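Dumped input.txt below, it's compact mmCIF, N, CA, C and O atoms:
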# COMPACT_ATOMS: atom_id res chain seq x y z
N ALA A 1 24.68 -33.17 -8.40
CA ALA A 1 23.21 -33.11 -8.64
C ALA A 1 22.87 -31.85 -9.44
O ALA A 1 23.69 -31.34 -10.18
N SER A 2 21.68 -31.35 -9.30
CA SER A 2 21.28 -30.13 -10.05
C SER A 2 20.94 -29.01 -9.07
O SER A 2 21.63 -28.02 -8.97
N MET A 3 19.87 -29.17 -8.34
CA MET A 3 19.46 -28.13 -7.36
C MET A 3 18.30 -28.67 -6.52
O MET A 3 18.20 -28.42 -5.34
N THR A 4 17.43 -29.42 -7.14
CA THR A 4 16.27 -29.99 -6.39
C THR A 4 16.80 -30.86 -5.24
O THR A 4 16.76 -30.48 -4.09
N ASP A 5 17.29 -32.03 -5.55
CA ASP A 5 17.82 -32.92 -4.48
C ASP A 5 18.74 -32.11 -3.57
O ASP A 5 18.95 -32.44 -2.42
N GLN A 6 19.29 -31.04 -4.08
CA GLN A 6 20.20 -30.20 -3.25
C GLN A 6 19.50 -29.79 -1.96
O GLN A 6 20.03 -29.94 -0.88
N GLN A 7 18.31 -29.26 -2.06
CA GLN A 7 17.57 -28.83 -0.83
C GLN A 7 17.13 -30.06 -0.03
O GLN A 7 16.79 -29.96 1.13
N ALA A 8 17.14 -31.22 -0.63
CA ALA A 8 16.71 -32.44 0.11
C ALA A 8 17.75 -32.78 1.19
O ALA A 8 17.44 -32.84 2.36
N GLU A 9 18.97 -33.01 0.80
CA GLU A 9 20.02 -33.35 1.80
C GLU A 9 20.18 -32.19 2.79
O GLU A 9 20.44 -32.39 3.96
N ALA A 10 20.01 -30.98 2.33
CA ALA A 10 20.16 -29.81 3.25
C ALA A 10 18.93 -29.72 4.16
O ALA A 10 18.98 -29.15 5.23
N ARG A 11 17.82 -30.27 3.75
CA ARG A 11 16.60 -30.21 4.59
C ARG A 11 16.69 -31.25 5.71
O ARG A 11 16.27 -31.02 6.82
N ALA A 12 17.23 -32.41 5.42
CA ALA A 12 17.35 -33.45 6.47
C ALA A 12 17.93 -32.83 7.74
O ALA A 12 17.45 -33.06 8.84
N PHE A 13 18.96 -32.04 7.61
CA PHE A 13 19.57 -31.40 8.81
C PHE A 13 18.69 -30.23 9.27
O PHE A 13 18.67 -29.89 10.44
N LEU A 14 17.96 -29.62 8.37
CA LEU A 14 17.09 -28.48 8.77
C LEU A 14 15.71 -29.01 9.16
O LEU A 14 14.78 -28.96 8.38
N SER A 15 15.57 -29.53 10.35
CA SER A 15 14.24 -30.06 10.77
C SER A 15 13.16 -29.04 10.41
O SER A 15 13.43 -27.87 10.22
N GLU A 16 11.93 -29.47 10.32
CA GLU A 16 10.83 -28.53 9.97
C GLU A 16 10.89 -27.31 10.89
O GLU A 16 10.44 -26.23 10.55
N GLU A 17 11.45 -27.46 12.07
CA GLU A 17 11.53 -26.31 13.01
C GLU A 17 12.74 -25.44 12.64
O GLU A 17 12.70 -24.23 12.77
N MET A 18 13.80 -26.04 12.19
CA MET A 18 15.01 -25.25 11.82
C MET A 18 14.68 -24.30 10.67
O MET A 18 15.30 -23.27 10.51
N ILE A 19 13.70 -24.63 9.87
CA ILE A 19 13.34 -23.75 8.73
C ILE A 19 12.31 -22.71 9.19
O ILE A 19 12.39 -21.55 8.85
N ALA A 20 11.35 -23.12 9.96
CA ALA A 20 10.32 -22.17 10.44
C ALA A 20 10.97 -21.10 11.32
O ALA A 20 10.42 -20.03 11.53
N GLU A 21 12.15 -21.36 11.82
CA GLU A 21 12.83 -20.36 12.68
C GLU A 21 13.57 -19.34 11.80
O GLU A 21 13.58 -18.16 12.08
N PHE A 22 14.18 -19.80 10.74
CA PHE A 22 14.91 -18.87 9.84
C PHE A 22 13.91 -18.02 9.05
O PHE A 22 14.21 -16.92 8.62
N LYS A 23 12.72 -18.52 8.86
CA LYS A 23 11.70 -17.74 8.10
C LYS A 23 11.65 -16.30 8.62
O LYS A 23 11.57 -15.36 7.85
N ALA A 24 11.70 -16.13 9.91
CA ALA A 24 11.65 -14.75 10.47
C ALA A 24 12.89 -13.97 10.05
O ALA A 24 12.80 -12.84 9.59
N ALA A 25 14.05 -14.55 10.20
CA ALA A 25 15.30 -13.83 9.81
C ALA A 25 15.39 -13.74 8.28
O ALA A 25 16.29 -13.13 7.74
N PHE A 26 14.47 -14.35 7.58
CA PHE A 26 14.51 -14.29 6.10
C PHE A 26 14.05 -12.91 5.62
O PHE A 26 14.25 -12.54 4.48
N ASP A 27 13.43 -12.16 6.48
CA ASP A 27 12.95 -10.81 6.08
C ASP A 27 14.12 -9.83 6.06
O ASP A 27 14.04 -8.76 5.49
N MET A 28 15.22 -10.18 6.67
CA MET A 28 16.39 -9.26 6.69
C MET A 28 16.90 -9.06 5.26
O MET A 28 17.17 -7.95 4.84
N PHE A 29 17.04 -10.11 4.50
CA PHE A 29 17.53 -9.97 3.11
C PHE A 29 16.60 -9.05 2.32
O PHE A 29 17.00 -8.02 1.82
N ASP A 30 15.35 -9.42 2.19
CA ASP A 30 14.40 -8.57 1.43
C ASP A 30 14.12 -7.28 2.20
O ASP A 30 14.78 -6.97 3.18
N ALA A 31 13.16 -6.51 1.76
CA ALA A 31 12.85 -5.23 2.46
C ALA A 31 12.02 -5.52 3.71
O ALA A 31 12.55 -5.72 4.79
N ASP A 32 10.72 -5.55 3.58
CA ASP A 32 9.86 -5.83 4.77
C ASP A 32 9.25 -7.23 4.64
O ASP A 32 8.53 -7.68 5.51
N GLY A 33 9.54 -7.93 3.58
CA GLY A 33 8.98 -9.30 3.41
C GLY A 33 8.54 -9.51 1.96
O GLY A 33 7.50 -10.09 1.70
N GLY A 34 9.31 -9.05 1.02
CA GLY A 34 8.93 -9.23 -0.41
C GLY A 34 8.96 -10.72 -0.76
O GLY A 34 8.42 -11.15 -1.76
N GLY A 35 9.58 -11.51 0.07
CA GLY A 35 9.65 -12.97 -0.20
C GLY A 35 10.58 -13.24 -1.39
O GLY A 35 10.23 -13.96 -2.30
N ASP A 36 11.75 -12.67 -1.38
CA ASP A 36 12.69 -12.89 -2.51
C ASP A 36 14.04 -12.24 -2.20
O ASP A 36 14.14 -11.33 -1.40
N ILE A 37 15.08 -12.71 -2.82
CA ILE A 37 16.44 -12.14 -2.58
C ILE A 37 16.96 -11.48 -3.86
O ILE A 37 17.92 -10.74 -3.82
N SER A 38 16.33 -11.79 -4.98
CA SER A 38 16.74 -11.24 -6.32
C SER A 38 17.73 -10.08 -6.21
O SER A 38 17.59 -9.20 -5.38
N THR A 39 18.71 -10.06 -7.07
CA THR A 39 19.73 -8.97 -7.06
C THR A 39 19.08 -7.63 -6.70
O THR A 39 19.71 -6.75 -6.15
N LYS A 40 17.83 -7.46 -7.02
CA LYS A 40 17.15 -6.17 -6.68
C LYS A 40 17.43 -5.81 -5.22
O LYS A 40 17.99 -4.78 -4.92
N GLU A 41 17.03 -6.66 -4.30
CA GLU A 41 17.26 -6.35 -2.86
C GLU A 41 18.60 -6.94 -2.39
O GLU A 41 19.24 -6.41 -1.50
N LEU A 42 19.02 -8.03 -2.96
CA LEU A 42 20.30 -8.67 -2.54
C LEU A 42 21.46 -7.67 -2.69
O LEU A 42 22.25 -7.48 -1.80
N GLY A 43 21.57 -7.05 -3.83
CA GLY A 43 22.68 -6.08 -4.06
C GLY A 43 22.77 -5.09 -2.90
O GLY A 43 23.79 -4.46 -2.68
N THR A 44 21.71 -4.93 -2.15
CA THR A 44 21.75 -3.96 -1.01
C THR A 44 22.28 -4.65 0.24
O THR A 44 23.23 -4.21 0.85
N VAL A 45 21.66 -5.73 0.65
CA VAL A 45 22.13 -6.44 1.88
C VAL A 45 23.65 -6.54 1.87
O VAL A 45 24.30 -6.42 2.89
N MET A 46 24.24 -6.78 0.72
CA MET A 46 25.72 -6.90 0.65
C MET A 46 26.34 -5.52 0.42
O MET A 46 27.36 -5.19 0.97
N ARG A 47 25.72 -4.71 -0.40
CA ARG A 47 26.28 -3.36 -0.67
C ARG A 47 25.73 -2.37 0.37
O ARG A 47 25.80 -1.17 0.19
N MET A 48 25.20 -2.86 1.45
CA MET A 48 24.65 -1.95 2.49
C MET A 48 25.78 -1.10 3.06
O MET A 48 25.55 -0.12 3.75
N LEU A 49 27.00 -1.46 2.78
CA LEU A 49 28.15 -0.66 3.31
C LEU A 49 28.10 0.74 2.70
O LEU A 49 28.51 1.71 3.32
N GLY A 50 27.60 0.86 1.51
CA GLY A 50 27.52 2.20 0.86
C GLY A 50 28.58 2.31 -0.24
O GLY A 50 29.44 3.17 -0.20
N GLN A 51 28.52 1.45 -1.22
CA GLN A 51 29.52 1.51 -2.32
C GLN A 51 28.80 1.22 -3.62
O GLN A 51 27.96 0.35 -3.67
N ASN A 52 29.11 1.90 -4.69
CA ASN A 52 28.38 1.53 -5.92
C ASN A 52 28.70 0.05 -6.14
O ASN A 52 29.85 -0.33 -6.14
N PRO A 53 27.69 -0.74 -6.32
CA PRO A 53 27.86 -2.17 -6.54
C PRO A 53 27.96 -2.47 -8.03
O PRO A 53 27.49 -1.72 -8.86
N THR A 54 28.59 -3.56 -8.39
CA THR A 54 28.73 -3.90 -9.83
C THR A 54 27.59 -4.82 -10.27
O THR A 54 27.03 -5.55 -9.48
N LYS A 55 27.23 -4.78 -11.53
CA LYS A 55 26.13 -5.65 -12.02
C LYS A 55 26.55 -7.11 -11.88
O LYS A 55 25.73 -8.00 -11.73
N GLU A 56 27.82 -7.37 -11.93
CA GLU A 56 28.30 -8.78 -11.80
C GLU A 56 28.58 -9.09 -10.33
O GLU A 56 28.80 -10.23 -9.96
N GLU A 57 28.57 -8.09 -9.49
CA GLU A 57 28.83 -8.34 -8.04
C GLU A 57 27.61 -9.01 -7.41
O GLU A 57 27.74 -9.88 -6.57
N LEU A 58 26.43 -8.63 -7.81
CA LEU A 58 25.21 -9.25 -7.23
C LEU A 58 24.82 -10.46 -8.08
O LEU A 58 24.06 -11.31 -7.65
N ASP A 59 25.32 -10.55 -9.28
CA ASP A 59 24.98 -11.70 -10.16
C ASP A 59 25.95 -12.85 -9.87
O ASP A 59 25.66 -14.00 -10.13
N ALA A 60 27.10 -12.54 -9.34
CA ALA A 60 28.09 -13.62 -9.04
C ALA A 60 27.53 -14.52 -7.94
O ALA A 60 27.84 -15.69 -7.86
N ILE A 61 26.70 -13.98 -7.08
CA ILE A 61 26.11 -14.80 -5.99
C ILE A 61 24.83 -15.46 -6.51
O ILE A 61 24.34 -16.42 -5.95
N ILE A 62 24.29 -14.94 -7.58
CA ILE A 62 23.04 -15.53 -8.13
C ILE A 62 23.37 -16.80 -8.92
O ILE A 62 22.61 -17.74 -8.94
N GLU A 63 24.50 -16.83 -9.57
CA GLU A 63 24.87 -18.04 -10.36
C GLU A 63 25.33 -19.15 -9.40
O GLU A 63 25.39 -20.30 -9.77
N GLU A 64 25.65 -18.80 -8.19
CA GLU A 64 26.11 -19.83 -7.21
C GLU A 64 24.90 -20.65 -6.73
O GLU A 64 25.05 -21.68 -6.10
N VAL A 65 23.71 -20.20 -7.02
CA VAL A 65 22.50 -20.95 -6.58
C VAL A 65 21.37 -20.74 -7.59
O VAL A 65 20.80 -21.69 -8.09
N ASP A 66 21.05 -19.52 -7.88
CA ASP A 66 19.95 -19.25 -8.86
C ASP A 66 20.40 -19.71 -10.25
O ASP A 66 20.91 -18.94 -11.04
N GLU A 67 20.21 -20.96 -10.57
CA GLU A 67 20.63 -21.46 -11.91
C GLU A 67 19.44 -21.40 -12.87
O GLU A 67 19.60 -21.30 -14.07
N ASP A 68 18.24 -21.47 -12.35
CA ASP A 68 17.04 -21.42 -13.24
C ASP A 68 17.24 -20.32 -14.29
O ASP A 68 17.13 -20.56 -15.48
N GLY A 69 17.52 -19.12 -13.86
CA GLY A 69 17.72 -18.01 -14.83
C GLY A 69 16.97 -16.77 -14.34
O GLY A 69 17.36 -15.65 -14.61
N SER A 70 15.90 -16.96 -13.63
CA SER A 70 15.12 -15.80 -13.12
C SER A 70 16.07 -14.78 -12.49
O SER A 70 15.85 -13.59 -12.56
N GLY A 71 17.12 -15.25 -11.87
CA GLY A 71 18.08 -14.31 -11.23
C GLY A 71 17.58 -13.93 -9.84
O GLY A 71 17.72 -12.81 -9.39
N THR A 72 16.99 -14.87 -9.14
CA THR A 72 16.47 -14.57 -7.77
C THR A 72 16.38 -15.87 -6.98
O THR A 72 16.34 -16.95 -7.53
N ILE A 73 16.33 -15.77 -5.68
CA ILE A 73 16.23 -17.00 -4.85
C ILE A 73 15.32 -16.73 -3.65
O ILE A 73 15.11 -15.60 -3.25
N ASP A 74 14.76 -17.76 -3.08
CA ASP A 74 13.86 -17.57 -1.91
C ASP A 74 14.54 -18.13 -0.66
O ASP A 74 15.66 -18.60 -0.71
N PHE A 75 13.87 -18.09 0.46
CA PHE A 75 14.49 -18.63 1.71
C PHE A 75 14.68 -20.14 1.57
O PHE A 75 15.42 -20.75 2.32
N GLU A 76 14.01 -20.75 0.63
CA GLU A 76 14.14 -22.23 0.45
C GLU A 76 15.53 -22.56 -0.11
O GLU A 76 16.36 -23.13 0.56
N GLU A 77 15.78 -22.21 -1.34
CA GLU A 77 17.10 -22.51 -1.96
C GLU A 77 18.21 -21.76 -1.21
O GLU A 77 19.36 -22.14 -1.26
N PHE A 78 17.87 -20.71 -0.53
CA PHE A 78 18.91 -19.94 0.22
C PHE A 78 19.43 -20.77 1.39
O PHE A 78 20.53 -20.57 1.87
N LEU A 79 18.65 -21.70 1.86
CA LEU A 79 19.10 -22.54 3.01
C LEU A 79 20.27 -23.43 2.57
O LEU A 79 21.33 -23.41 3.16
N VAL A 80 20.09 -24.20 1.54
CA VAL A 80 21.19 -25.09 1.06
C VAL A 80 22.49 -24.29 0.95
O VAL A 80 23.57 -24.84 1.03
N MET A 81 22.40 -23.01 0.75
CA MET A 81 23.64 -22.19 0.63
C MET A 81 24.46 -22.30 1.91
O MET A 81 25.66 -22.53 1.87
N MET A 82 23.85 -22.15 3.05
CA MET A 82 24.60 -22.25 4.33
C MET A 82 24.78 -23.72 4.72
O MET A 82 25.59 -24.05 5.55
N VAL A 83 24.02 -24.59 4.12
CA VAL A 83 24.14 -26.04 4.46
C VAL A 83 25.22 -26.68 3.59
O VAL A 83 25.30 -27.89 3.48
N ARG A 84 26.06 -25.88 2.98
CA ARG A 84 27.13 -26.45 2.12
C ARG A 84 28.38 -26.71 2.97
O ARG A 84 28.70 -27.83 3.31
N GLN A 85 29.09 -25.67 3.32
CA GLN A 85 30.32 -25.85 4.15
C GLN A 85 29.95 -25.80 5.63
O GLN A 85 30.03 -24.77 6.27
N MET A 86 29.52 -26.91 6.18
CA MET A 86 29.14 -26.92 7.62
C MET A 86 30.39 -27.17 8.47
O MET A 86 31.11 -28.13 8.27
N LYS A 87 30.64 -26.33 9.43
CA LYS A 87 31.84 -26.52 10.30
C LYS A 87 31.78 -27.91 10.94
O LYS A 87 32.79 -28.45 11.36
N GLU A 88 30.62 -28.50 11.02
CA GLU A 88 30.50 -29.85 11.63
C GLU A 88 31.60 -30.75 11.06
O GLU A 88 32.20 -31.54 11.77
N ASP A 89 31.88 -30.64 9.80
CA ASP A 89 32.94 -31.49 9.19
C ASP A 89 33.09 -31.14 7.70
O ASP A 89 34.12 -30.68 7.26
N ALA A 90 32.05 -31.35 6.93
CA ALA A 90 32.13 -31.03 5.48
C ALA A 90 33.46 -31.52 4.92
O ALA A 90 34.41 -30.75 4.92

Once more with this new file: its structure as structure tokens, please.
Amino acid sequence: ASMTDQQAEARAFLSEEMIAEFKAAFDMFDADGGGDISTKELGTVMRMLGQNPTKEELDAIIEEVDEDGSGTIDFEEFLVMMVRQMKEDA
């Protein structure tokens, strides 16, 4: 597919409640609730260890989902990311 229908199959398993629950934990990626993961804040959640991060280190995760080009993702498209390899079976 492309990306739209992508969140569709991933939403079927994420009942309207399964998403409203992650919304709260969605503030962990951003700062206090910027409502975005863009390499701006993303490079930190992963580089929070304290290491100079590479420009391609935070962009390598952006091309895995952020295909539009903006170079950022929200809690919406971020869900399908974990709904890919489900231990259930996949």

What box, with edges along x, y and z, holds each listed atom of segment 24-36 of chain A when 5 Å is added on every side, and can you state its centre and edge lengths in Å to one decimal, as lines of an AutoDock Vina configuration file?
center_x = 12.5
center_y = -10.7
center_z = 4.0
size_x = 20.0
size_y = 20.9
size_z = 23.0

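Here atom O of residue 55 of chain A is placed at a distance of 24.4 Å from atom O of residue 32 of chain A.
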
**Item:** Counting all atoms listed in the file, the residue of A:23, A:46, A:89, A:56 that sits nearest residue 75 of chain A
**Value:** A:23

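Atom N of residue 61 of chain A lies 17.0 Å from atom C of residue 30 of chain A.
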
**Request:** Return as number ranges by chain the full set of residues in chain A whose backbone-based DSSP assignment is alpha helix (DSSP H).
**Result:** A: 4-13, 16-29, 39-47, 55-59, 75-82

**Fill in**
re atom CA of residue 18 of chain A and atom CA of residue 78 of chain A: distance 13.3 Å

**Fill in**
Restricting to only C-alpha atoms, whichever of A:20, A:71, A:52, A:13 is closest to residue 39 of chain A is A:71

**Request:** Compile the contact shell of residue 44 of chain A as a PyMOL selection string: residues with an atom at most 10 Å away, counting only C-alpha atoms, same-chain residues fewer than 6 positions apart removed.
**Result:** chain A and resi 29-31+37+50-53+58

**Shell of 8 Å around residue 10 of chain A, only N, CA, C and O atoms, local chain residues under 3 positions omitted, as an MDAnalysis selection string** = chainID A and resid 4:7 13:15 76 79:84

Kindly write N, CA, C and O atoms of segment 7-32 of chain A from the structure just given to a file, as a compact mmCIF listing (two decimals), in the first residue's frame.
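What ended up in decode17.txt:
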# COMPACT_ATOMS: atom_id res chain seq x y z
N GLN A 7 -2.72 2.89 8.15
CA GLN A 7 -3.31 3.14 9.50
C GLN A 7 -4.68 2.48 9.61
O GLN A 7 -5.21 2.30 10.69
N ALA A 8 -5.27 2.12 8.50
CA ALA A 8 -6.62 1.48 8.55
C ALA A 8 -6.50 0.08 9.17
O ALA A 8 -7.12 -0.21 10.18
N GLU A 9 -5.72 -0.78 8.58
CA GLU A 9 -5.57 -2.15 9.14
C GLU A 9 -4.99 -2.07 10.55
O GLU A 9 -5.32 -2.87 11.41
N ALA A 10 -4.14 -1.12 10.80
CA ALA A 10 -3.54 -0.99 12.16
C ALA A 10 -4.58 -0.42 13.13
O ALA A 10 -4.49 -0.61 14.33
N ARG A 11 -5.56 0.27 12.62
CA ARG A 11 -6.60 0.86 13.52
C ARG A 11 -7.59 -0.23 13.93
O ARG A 11 -8.06 -0.27 15.05
N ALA A 12 -7.92 -1.12 13.03
CA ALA A 12 -8.89 -2.20 13.37
C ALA A 12 -8.48 -2.83 14.71
O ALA A 12 -9.31 -3.06 15.57
N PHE A 13 -7.22 -3.12 14.88
CA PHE A 13 -6.76 -3.73 16.15
C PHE A 13 -6.70 -2.66 17.25
O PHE A 13 -6.85 -2.96 18.42
N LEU A 14 -6.48 -1.43 16.88
CA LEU A 14 -6.42 -0.35 17.91
C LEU A 14 -7.81 0.23 18.12
O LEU A 14 -8.15 1.27 17.60
N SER A 15 -8.63 -0.44 18.89
CA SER A 15 -10.01 0.08 19.14
C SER A 15 -9.93 1.57 19.48
O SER A 15 -8.89 2.07 19.88
N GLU A 16 -11.01 2.29 19.33
CA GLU A 16 -10.98 3.74 19.64
C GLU A 16 -10.41 3.96 21.05
O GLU A 16 -9.87 5.00 21.35
N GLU A 17 -10.51 2.97 21.90
CA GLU A 17 -9.97 3.12 23.28
C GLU A 17 -8.47 2.84 23.27
O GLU A 17 -7.71 3.45 24.00
N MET A 18 -8.03 1.93 22.45
CA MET A 18 -6.57 1.61 22.40
C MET A 18 -5.78 2.84 21.95
O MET A 18 -4.62 3.00 22.26
N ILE A 19 -6.40 3.72 21.21
CA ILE A 19 -5.69 4.94 20.74
C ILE A 19 -5.81 6.05 21.78
O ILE A 19 -4.86 6.75 22.08
N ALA A 20 -6.97 6.22 22.34
CA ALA A 20 -7.16 7.28 23.36
C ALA A 20 -6.28 7.00 24.58
O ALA A 20 -5.99 7.87 25.37
N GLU A 21 -5.84 5.78 24.73
CA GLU A 21 -4.97 5.44 25.89
C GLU A 21 -3.52 5.80 25.58
O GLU A 21 -2.79 6.30 26.41
N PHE A 22 -3.09 5.56 24.37
CA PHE A 22 -1.68 5.89 23.99
C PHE A 22 -1.52 7.40 23.88
O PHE A 22 -0.44 7.94 24.04
N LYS A 23 -2.59 8.10 23.59
CA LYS A 23 -2.50 9.58 23.46
C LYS A 23 -1.72 10.16 24.65
O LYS A 23 -0.90 11.04 24.49
N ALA A 24 -1.98 9.67 25.83
CA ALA A 24 -1.26 10.20 27.02
C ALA A 24 0.23 9.87 26.92
O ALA A 24 1.08 10.73 27.11
N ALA A 25 0.56 8.65 26.61
CA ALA A 25 2.00 8.27 26.50
C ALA A 25 2.60 8.89 25.24
O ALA A 25 3.78 8.77 24.98
N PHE A 26 1.80 9.55 24.44
CA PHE A 26 2.33 10.17 23.19
C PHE A 26 3.11 11.44 23.55
O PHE A 26 3.86 11.96 22.75
N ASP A 27 2.94 11.93 24.75
CA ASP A 27 3.66 13.17 25.15
C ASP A 27 5.11 12.83 25.49
O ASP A 27 5.96 13.70 25.56
N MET A 28 5.41 11.58 25.71
CA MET A 28 6.80 11.19 26.05
C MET A 28 7.73 11.52 24.88
O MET A 28 8.80 12.08 25.06
N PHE A 29 7.34 11.18 23.68
CA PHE A 29 8.21 11.47 22.50
C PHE A 29 8.46 12.98 22.41
O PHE A 29 9.59 13.44 22.47
N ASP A 30 7.42 13.76 22.27
CA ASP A 30 7.60 15.23 22.17
C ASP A 30 8.06 15.79 23.52
O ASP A 30 8.39 15.06 24.43
N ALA A 31 8.08 17.09 23.65
CA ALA A 31 8.52 17.71 24.94
C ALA A 31 7.38 17.64 25.95
O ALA A 31 7.26 16.69 26.70
N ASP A 32 6.53 18.63 25.98
CA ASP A 32 5.40 18.62 26.94
C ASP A 32 4.08 18.39 26.19
O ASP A 32 3.03 18.32 26.79
